[PDB]
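Any value given below was found using the heavy atoms of this structure, including those in side chains, with hydrogens, waters and symmetry copies removed. Per chain, numbering begins at 1; letters A, B, ... match sequence-line order.
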Amino acid sequence: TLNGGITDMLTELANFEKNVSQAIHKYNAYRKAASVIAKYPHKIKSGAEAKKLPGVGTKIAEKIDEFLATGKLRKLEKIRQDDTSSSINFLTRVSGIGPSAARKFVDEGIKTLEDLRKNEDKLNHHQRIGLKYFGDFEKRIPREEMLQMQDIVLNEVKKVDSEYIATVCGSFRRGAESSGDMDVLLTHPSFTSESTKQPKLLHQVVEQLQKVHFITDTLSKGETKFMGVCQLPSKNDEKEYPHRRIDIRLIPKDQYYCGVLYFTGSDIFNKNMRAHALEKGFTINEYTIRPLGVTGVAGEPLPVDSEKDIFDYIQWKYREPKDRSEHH
DNA sequence: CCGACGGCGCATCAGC
DNA sequence: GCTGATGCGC
DNA sequence: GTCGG
Ligand SMILES: Nc1ccn([C@@H]2C[C@@H](O)[C@H](COP(=O)(O)OP(=O)(O)OP(=O)(O)O)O2)c(=O)n1
Ligand SMILES: [Ca+2]
Ligand SMILES: [Ca+2]
Ligand code: NA
Ligand code: NA
């Protein structure tokens, strides 16, 4: 990684602003800058050089000059020695504990893994499961395992109803050699933007995956989105595979292209693309792309026949999934 | 200078 | 119970 | 924290 020291520093600052300062726009600012620096194909020699990149301003340029000259940033060294910051940054690593909950636990004297394990009864369901699998959820998933997981999900969904189509998206669809979690986009002809002709379309799939012991726990579940935990079966005498996070999202069949654009990510890519759409006078969500009237009210959905159509509306050349990651 | 920053599903809570 | 805000996550 | 109007 050409500028890994810099992007690491900016990521650490982003996490501080999100988790401790609760300043979401500074978090996004740092992440935007980290991403543009990550794709820059030269080893950066100064802050002024970095300043020419969109998303890098005066303050970040100064931090880059300090980092290049000293290998460190005093602001981060300080943050690293602050007990309250350190504690909040740690607690937020548990799925379900955000900036607010982290600060509340710290105020109650709950600030270590051991404290959390003593106080399960103060956690909501999501948080309890996040704690249970804390170690497992920090492990990455090799692509070879994602392929085994894909097999299972696609075959089990087919057993429920051959009319379902499940597509694995996120970093996997972007060609990543390892993934943080699994994202499954689901469609069925009876669920469209105009009607739902069958109930329990998502439920019956979750149920099948629970029945075969693939899905092990549930963080949250509604009519269109499941967030939970899964695990590959292991063989005789073999150590068990780590538990993995899995997201399943049922999308209207006729809005698949907006859906898959959304579900493919990355997060920064989607934010950047949607911000560009706004500048071009459009709004993109997972369902539709719509024009904005001068009032700033979204108009009627535009025809979409491919992922590329969405890019054409906003006057972007098509980006293949592989070029939608944070690093190139 | 300064308003705006992507957009939304599910869980939880406050007020009626 | 519903409605709307907040937290957290994708 | 950054940037376009
Ligand atoms: N804030 C976010 C987060 C995610 N997304 C979309 C929706 C989601 O499906 C897709 C992937 O998100 P994930 O958080 O799963 O991240 P990746 O798959 O890119 O990377 P990893 O799992 O290997 O760490 O990107 C998004 O619009 N906005
Ligand atoms: Ca993922
Ligand atoms: Ca995910
Ligand atoms: Na810049
Ligand atoms: Na968290």
Side-chain angles (χ1 to χ4, degrees), chain A residues 9-11 13-14 16-19 21-37 47 50-64 75 91-105 122-130 137 169-171 179-186 202-203 206 218-229 245-252 255 258-280 282-290 292 296 298 310 314:
Chain A
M9 163 183 79
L10 296 175
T11 301
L13 289 167
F16 176 79
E17 296 301 350
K18 186 180 181 302
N19 301 331
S21 311
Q22 305 188 66
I24 199 63
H25 297 301
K26 293 185 167 190
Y27 162 80
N28 288 319
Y30 278 121
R31 290 210 52 204
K32 175 168 192 190
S35 183
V36 73
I37 287 160
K51 176 78 150 74
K52 293 174 169 171
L53 298 179
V56 183
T58 309
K59 298 282 283 283
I60 292 180
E62 280 178 352
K63 289 176 169 65
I64 288 162
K75 180 184 172 90
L91 293 179
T92 62
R93 291 165 62 186
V94 179
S95 197
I97 304 178
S100 180
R103 195 173 277 281
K104 188 169 186 298
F105 286 130
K122 299 192 185 307
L123 306 181
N124 64 32
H125 179 73
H126 184 148
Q127 291 159 352
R128 191 193 276 238
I129 299 308
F137 293 168
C169 306
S171 56
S179 291
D181 71 4
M182 172 162 279
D183 309 291
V184 186
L185 186 68
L186 186 71
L202 182 53
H203 176 75
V206 171
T218 303
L219 302 179
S220 69
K221 180 173 176 292
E223 289 289 305
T224 65
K225 192 173 68 173
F226 173 85
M227 184 178 319
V229 184
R245 281 275 295 100
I246 176 156
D247 295 313
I248 306 169
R249 179 74 187 271
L250 178 63
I251 289 283
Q255 299 172 332
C258 285
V260 78
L261 175 67
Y262 159 62
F263 229 54
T264 295
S266 66
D267 55 346
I268 301 312
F269 173 78
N270 286 354
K271 284 185 273 174
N272 280 338
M273 186 166 179
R274 293 185 183 192
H276 188 70
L278 288 173
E279 277 184 310
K280 289 278 161 178
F282 299 90
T283 179
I284 296 170
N285 64 21
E286 62 262 55
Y287 304 120
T288 63
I289 179 171
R290 298 174 283 176
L292 304 165
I310 306 167
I314 66 166

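Considering all non-hydrogen atoms of both residues, A:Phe105 and A:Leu123 come closest at CZ-CD2, 3.6 Å. Between A:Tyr30 and A:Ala14, the shortest heavy-atom distance links the atoms CB-CB, 3.6 Å.
Nucleotide B:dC16 carries a south sugar pucker, as its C1'-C2'-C3'-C4' torsion angle is negative. From the dihedral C1'-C2'-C3'-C4', which is positive here, one reads the pucker of C:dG9 as north, toward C3'-endo. Sugar conformation at D:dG1 is south: the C1'-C2'-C3'-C4' dihedral has a negative sign, consistent with the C2'-endo side.
Side-chain atoms of A:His276 come within 3.5 Å of backbone N or O of A:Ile314 as a donor-acceptor pair. In terms of modelled atom types and a separation under 3.5 Å, the side chain of A:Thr264 and the main chain of A:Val260 share a donor-acceptor contact.
Residue A:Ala101 is in sugar-phosphate contact alone, with no base atom involved, counting any heavy-atom pair closer than 4.0 Å across all strands shown. Within 4.0 Å of A:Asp183, counting heavy atoms only, lie sugar-phosphate atoms of the nucleic acid but no base atom. Using a 4.0 Å heavy-atom distance criterion, A:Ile284 is classed as a sugar-phosphate-only contact. Within the 4.0 angstrom heavy-atom criterion, only backbone atoms of the sugar-phosphate kind lie near A:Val94; the bases stay farther away. Residue contacts shown for A:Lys32 are absent, as no nucleic acid heavy atom lies under 4.0 Å away. When heavy atoms are screened at a 4.0 angstrom cut-off, A:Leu202 is found touching no nucleic acid atom at all. Within the nucleic acid shown, A:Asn124 comes within 4.0 Å of sugar-phosphate atoms alone, with no base atom in reach, counting heavy atoms only. Residue-level contact check: A:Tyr30 touches the backbone only, with heavy atoms under 4.0 Å from sugar-phosphate atoms and none from bases. Among the heavy atoms of the strands lying under 4.0 Å from A:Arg245 are primed sugar atoms or P, OP1, OP2 only; no base atom is included.
A donor N or O paired with an acceptor N or O is not found under 3.5 Å between the base of B:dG6 and the side-chain atoms of A:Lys271. Taking only distance into account, the side chain of A:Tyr287 never meets the base of B:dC8 through a donor-acceptor pair shorter than 3.5 Å.
Distance from the side chain of A:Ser220 is smallest to B:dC10 among B:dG6, B:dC10, C:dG9. Out of D:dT2, B:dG6, B:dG9, the shortest distance to the side chain of A:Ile60 is found at D:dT2. Minimum atom distance to the side chain of A:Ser95 is reached by C:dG9, of the listed C:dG9, D:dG1, B:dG7. Minimum atom distance to the side chain of A:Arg274 is reached by B:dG6, of the listed D:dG1, B:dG6, B:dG9. Here the nucleotide nearest the side chain of A:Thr224, chosen from C:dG7, C:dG9, B:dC10, is B:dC10. Nearest to the side-chain atoms of A:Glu279 among the listed nucleotides B:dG6, D:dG4, B:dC10 stands D:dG4.
Here the straight-line distance linking atom CG of A:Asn19 with atom CZ of A:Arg93 works out to 10.5 Å at 0.5 Å rounding.
Rounded to a whole Å, the CZ atom of A:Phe282 is 17 Å from the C1' atom of B:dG7. Distance CZ (A:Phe137) to P (C:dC10): 10 Å, rounded to an integer number of Å. Regarding A:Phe105, its CZ atom lies at a distance of 14 Å from the P atom of C:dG7, rounded to whole Å. Whole-Å rounding puts the A:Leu278 CG to D:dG5 P distance at 13 Å. Rounded to an integer number of Å, the gap from NE2 of A:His125 to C1' of B:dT12 is 14 Å. Per the geometry, CD belonging to A:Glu17 stands 13 Å off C1' belonging to D:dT2, to the nearest Å. For the pair A:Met273 CE and B:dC8 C1', the computed distance is 17 Å after rounding to whole Å. Rounded to whole Å, the distance from CG on A:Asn28 to P on B:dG7 is 12 Å.
We find that the ring of A:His25 and the base of B:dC5 stack, their centres lying under 5.5 angstrom apart and their planes tilted less than 30°.
Of the two grooves, the major one is the groove that A:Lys26 engages, as a side-chain heavy atom of it lies less than 5.0 Å from a major-groove atom of a base pair.
At least one side-chain nitrogen or oxygen of A:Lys59 sits closer than 4.0 Å to the OP1 or OP2 atom of D:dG1. For the pair A:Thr283 and B:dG6, the criterion of a side-chain N or O lying under 4.0 Å from OP1 or OP2 is not met. When the side-chain nitrogen and oxygen atoms of A:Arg249 are compared with OP1 and OP2 of B:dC8, none of them lie within a distance under 4.0 Å. A close approach under 4.0 Å does occur between a side-chain nitrogen or oxygen of A:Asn285 and OP1 or OP2 of B:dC8.
By the 4.0 Å N-to-carboxylate-O rule, A:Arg249 lies too far from A:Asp183 to be salt-bridged with it.
Look at the P atom in both B:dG6 and D:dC3: the space between them is 15 Å, to the nearest Å.
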Pair A:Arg290-A:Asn285, side chain to side chain contact (heavy atoms under 4.5 Å, CB included): steps then yes or no: CA-CA 9 Å; A:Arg290 298 174 283 176; A:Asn285 64 21; 3.8 Å; yes
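A:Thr288 places none of its side-chain heavy atoms less than 4.5 Å from the side chain of A:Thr283.
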